[PDB]
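Below, read A as the first sequence line, B as the second, and so on, with proteins coming before strands; counting in each chain starts at 1.
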Amino acid sequence: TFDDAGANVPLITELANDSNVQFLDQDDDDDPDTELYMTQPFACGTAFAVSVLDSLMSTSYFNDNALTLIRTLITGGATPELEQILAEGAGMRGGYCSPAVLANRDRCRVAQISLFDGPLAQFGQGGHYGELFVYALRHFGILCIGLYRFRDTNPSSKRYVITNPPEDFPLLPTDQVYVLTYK
Amino acid sequence: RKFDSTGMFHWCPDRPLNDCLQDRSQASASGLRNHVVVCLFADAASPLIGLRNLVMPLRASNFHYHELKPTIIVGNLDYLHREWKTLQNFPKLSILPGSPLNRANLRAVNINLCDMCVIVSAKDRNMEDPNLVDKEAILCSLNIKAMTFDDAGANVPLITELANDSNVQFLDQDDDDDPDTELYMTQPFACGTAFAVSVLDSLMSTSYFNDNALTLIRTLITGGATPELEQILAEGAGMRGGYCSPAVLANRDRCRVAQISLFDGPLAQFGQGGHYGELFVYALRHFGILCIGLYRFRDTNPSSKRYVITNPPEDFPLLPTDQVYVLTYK
Amino acid sequence: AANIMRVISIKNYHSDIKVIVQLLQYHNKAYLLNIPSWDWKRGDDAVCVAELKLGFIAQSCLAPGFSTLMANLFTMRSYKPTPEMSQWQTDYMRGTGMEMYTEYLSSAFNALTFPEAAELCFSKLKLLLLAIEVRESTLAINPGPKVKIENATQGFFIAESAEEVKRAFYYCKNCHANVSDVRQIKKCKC
């Protein structure tokens with residue numbers, strides 16, 4: 001508890017045993033037979049476990065390029081030049097940069113934007129995900145990939161993740177949008 | 001210039017390890033070239049391998065001081081403090097503390113300019129997995145062999161001690177040896193890039209059948225450790241030395257194993273399509289140089305590997321790229 | 001250490017085998033980067049679970065649920081509702097039915113800007129195009145109006161199955177069938 005709280009603070013926990021997710025939060029009411037990806041703490045992004053990474057072996061085989069995309073995103077841009085420069089054992093060499101390399105500072109980033117205010121709030125006010133997607137793409141180059149919506153729409157702070165909603169999927173002014181952006 | 005009290009080795013007074021410890025920088029500063037690099041894998045608590053037996057033959061009195069190869073050891077510092085009590089009397093010796101797998105250590109050391117890189121391990125010689133025992137030595141070989149340099153890589157001279165003779169199959173590429181081949185027939189052994197303690201086993205039987213033959217091999221490989229030196233070390237006071245009388249210093253002239261090239265100088269006339277018998281008789285008579293074998297490029301047409309031909313036939317042809325193992329007094 | 005010695009043995013036997021290895025530690029990747037035959041242009045790869053787990057949670061510090069967003073795309077799962085599910089669980093589980101797929105954009109996309117191709121691919125084909133392979137070649141993610149689609153461009157899509165993304169290869173525009181039902185694209189031959 002705090003003074004000028006508690007369960008409101010954002011948490012993410014790495015778990016060694018996926019089952020222990022059942023203890024991690026209250027007002028879950030999940031059946032303990034549920035697999036990790038369906039549990040409330042995983043569906044909200046409060047839990048993570050190394051087991052969900054296993055199909056990176058099979059996807060590395062079937063399409064190597066897809067493994068390089070996920071990486072460019074999650075590493076923030078660790079190129080194989082950096083992996084080689086670190087393998088030289090001298091540590092991470094750096095300093096001031098030429099404009100020619102510094103050009104790469106503009107890359108796509110995973111960002112989150114809120115429908116509560118600003119130019120997209122007109123879609124939060126009872127619009128649809130397809131209207132939002134087309135508008136944001138065209139006016140801003142902002143490519144939307146999912147929603148982060150409050151589970152308690154009526155009172156906890158939990159939110160859940162909706163990957164790639166349908167074109168006609170309704171929006172709430174409290175929604176937040178996962179986007180890919182150059183700004 | 002000083003010597004061990006028996007005249008046989010170059011010597012200097014004791015020092016603290018911190019007089020010979022360097023840093024990546026100081027080292028690079030050092031103009032190392034034609035040196036010997038020792039890549040030493042050890043834990044602080046691991047058994048003493050006795051690197052005096054590596055550094056002593058390289059510091060014999062039959063070399064002039066100007067032709068003593070500088071020596072640098074890359075390895076664990078806490079281990080080297082335990083070893084140092086035996087090393088502290090040898091000149092032109094230095095330590096760069098750290099992992100030999102760290103590429104910045106190898107570059108500071110000028111690994112590309114050395115006359116030999118030795119890969120050696122003090123780690124547990126019978127740890128759990130028979131394939132894991134040599135992983136540090138194999139990774140160190142493959143690491144150095146894959147580097148690149150600027151004003152390379154697989155060109156640098158390497159010798160690796162192996163704990164399991166079979167692991168020789170991983171040690172190099174463009175071998176194409178069948179893994180059923182015994183060590184002495186494998187490419188890395190035939191070139192002198194690999195060594196393993198198993199090849200020493202018949203020193204027990206040869207010690208029995210002709211003791212004198214065991215004293216020859218030793219006089220050569222130790223660079224001249226006489227039983228007087230073995231007794232003087234058994235007195236526990238360390239290697240006593242200083243300046244020497246001409247009467248003991250007379251022993252500075254001893255036979256040494258040397259290597260000479262048929263590319264230029266007076267013997268090149270034999271490299272130009274002569275025969276080993278012509279070379280042998282000529283060198284013996286004019287120089288007292290007794291030839292015992294050849295070191296010839298395997299790729300005669302393009303890698304730097306060479307192989308060893310012990311005692312060729314009298315009519316055996318020569319190439320101008322051959323090098324000759326010889327016994328010499330100069 | 002054991003898995004590095006395997007890749008050494010495999011590459012020593014034949015250098016040109018594509019090797020994919022799981023690593024538990026990121027610093028151990030340096031040892032296999034130093035193997036003479038290791039080459040990521042040849043498709044060799046180290047799936048480093050330390051590098052990956054900490055990257056997924058680090059992106060969650062930037063976008064809170066993104067570790068869940070993104071980890072669901074890389075495992076095959078499938079939507080199978082039950083009336084016992086809350087409404088939010090049916091939305092969530094539909095999202096878990098997504099995976100990320102690679103397919104060639106049809107020639108109908110040629111010389112569109114990437115934004116126009118993404119508008120088309122979303123609105124008409126019901127597919128979320130998010131990146132393209134630009135010709136050596138390199139991956140570009142959400143590239144701006146300055147980048148055109150070109151013939152035999154591979155695209156990266158989020159979709160419910162592999163049978164969905166085929167539609168991007170099959171799409172003809174006005175040269176054949178291009179209207180109404182997403183089941184109606186079929187194959188056209190113009």
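Put simply, the side chain of B/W84 reaches to within 4.5 Å of the side chain of B/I95, judged on heavy atoms. The side-chain heavy atoms of B/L40 and B/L51, taken from C-beta on, include a pair separated by under 4.5 Å. Between B/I217 and B/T206 the shortest side-chain heavy-atom distance does not fall below 4.5 Å. Residues B/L142 and C/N34 are not in side-chain contact: their nearest non-hydrogen atoms beyond the backbone lie 4.5 Å or more apart. Using a 4.5 Å cut-off on side-chain heavy atoms (C-beta onward), B/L229 and B/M8 make no contact. For the pair B/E83/B/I49, a side-chain contact is recorded, criterion being any heavy-atom separation below 4.5 Å from C-beta on. Within the 4.5 Å cutoff, side-chain heavy atoms of B/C39 are placed close to those of B/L106. Contact annotation: the side chain of B/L220 approaches that of B/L327 to within less than 4.5 Å [non-hydrogen atoms, C-beta and beyond].
Nearest heavy-atom pair across B/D23 and B/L21 is OD1-CD2, 3.8 Å. Pairing each heavy atom of B/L96 with each of B/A27, the nearest pair is CD2-CB, 4.5 Å. Across all their heavy atoms, B/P70 and B/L32 have their closest contact at CB-CD2, 4.0 Å. B/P313 and B/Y276 make their closest contact through O-CB, 3.8 Å (heavy atoms, listed as atom of the first residue, atom of the second, distance). For the pair B/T321 and B/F297, the tightest heavy-atom approach, listed with the atom from each and the gap, is CB-CD1, 3.7 Å. Here the closest heavy-atom approach between residue C/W38 and residue C/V19 is recorded as CH2-O, 3.8 Å.
No more than 12 heavy atoms of other residues, nucleotides or ligands sit less than 6.0 Å from atom CG of B/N301. Crowding of B/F263 atom CZ: a count of heavy atoms from other residues, nucleotides or ligands under 6.0 Å not exceeding 12.
Formation of a donor-acceptor pair under 3.5 Å by the C/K11 side chain with backbone atoms of C/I17 is found in this model. A donor-acceptor pair is defined here as one N or O able to donate and one able to accept, closer than 3.5 Å; such a pair exists between the side chain of B/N102 and the backbone of B/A104. The closest donor-acceptor contact from the side chain of B/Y79 to the backbone of B/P47 lies under 3.5 Å. Using modelled atom types, no side-chain atom of C/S9 and backbone atom of C/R6 make a donor-acceptor pair closer than 3.5 Å. A donor-acceptor contact shorter than 3.5 Å links the side chain of B/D177 to the backbone of B/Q187. No side-chain donor-acceptor contact under 3.5 Å links B/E235 to the backbone of B/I232. Formation of a donor-acceptor pair under 3.5 Å by the B/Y325 side chain with backbone atoms of B/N311 is not found in this model. Judged by distance alone, with hydrogens and angles left aside, the side-chain atoms of B/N112 form no donor-acceptor pair with the main-chain N or O of B/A152 at under 3.5 Å. Of the possible polar contacts, one joining the B/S94 side chain to the B/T71 backbone as a donor-acceptor pair under 3.5 Å is found. Between the side chain of B/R59 and the backbone N or O of B/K92 there is at least one donor-acceptor pair closer than 3.5 Å.
Under the ring-ring contact (aromatic ring centres under 6.0 Å, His included) criterion, B/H286 pairs with B/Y282, not counting sequence neighbours.
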Is there a side-chain hydrogen bond (donor to acceptor under 3.5 Å, both in side chains) between B/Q173 and C/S37? Walk through the geometry before answering. CA-CA 9 Å; B/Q173 299 188 354; C/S37 296; 3.1 Å; yes
Can you check side-chain hydrogen bond (donor to acceptor under 3.5 Å, both in side chains) on B/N110 and B/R33, steps first, answer last? CA-CA 7 Å; B/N110 304 335; B/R33 171 174 295 91; over 6 Å; no
For side-chain contact (heavy atoms from CB on, under 4.5 Å), just list the numbers for B/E230 and B/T222, CA-CA rounded to whole Å, side-chain angles, deciding distance to a tenth of an Å, and then say yes or no. CA-CA 12 Å; B/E230 297 185 289; B/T222 65; over 6 Å; no
Can B/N89 and B/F9 be said to form a side-chain contact (heavy atoms from CB on, under 4.5 Å), step by step? CA-CA 10 Å; B/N89 302 302; B/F9 301 96; over 6 Å; no
Report the C-alpha separation of B/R254 and B/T219 in whole Å, then their side-chain angles, then the decisive distance to 0.1 Å, and conclude whether the side-chain hydrogen bond (donor to acceptor under 3.5 Å, both in side chains) test is met. CA-CA 10 Å; B/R254 320 190 289 272; B/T219 58; over 6 Å; no
Given side-chain contact (heavy atoms from CB on, under 4.5 Å), test B/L58 with B/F90 step by step and report yes or no. CA-CA 10 Å; B/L58 305 167; B/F90 296 117; over 6 Å; no
Show, in sequence, the C-alpha distance, side-chain angles and deciding distance for B/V324 and B/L262, and conclude whether the side-chain contact (heavy atoms from CB on, under 4.5 Å) test is met. CA-CA 8 Å; B/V324 194; B/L262 304 187; 3.7 Å; yes
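To the nearest 0.5 angstrom, B/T148 atom OG1 is 5.5 Å from B/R107 atom CZ. Note that CZ of B/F280 is 10.5 Å distant from CD1 of B/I292, once rounded to the nearest 0.5 Å. Between B/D43 atom CG and B/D124 atom CG the span is 9.5 Å, to the nearest 0.5 Å. Atom OG of B/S205 sits about 9.5 Å away from atom CG of B/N210, to the nearest 0.5 Å. Once rounded to the nearest 0.5 Å, the distance linking CG of B/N18 with CD of B/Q22 reads 12.5 Å. The line from CE of B/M204 to CG of B/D201 is 8.0 Å long, rounded to the nearest 0.5 Å.
Residues in residues 300-327 of chain B take part in these salt bridge (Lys or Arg N to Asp or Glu O under 4.0 Å) pairs, two or more places apart or across chains: B/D172-B/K305, B/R296-B/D322.
In this structure, B/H10 has its ring center under 6.0 Å from that of B/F3.
A cation-pi arrangement is found for B/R1 relative to B/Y65, the charged atom lying closer than 6.0 Å to the ring centre and inside a 45° cone about the ring normal.
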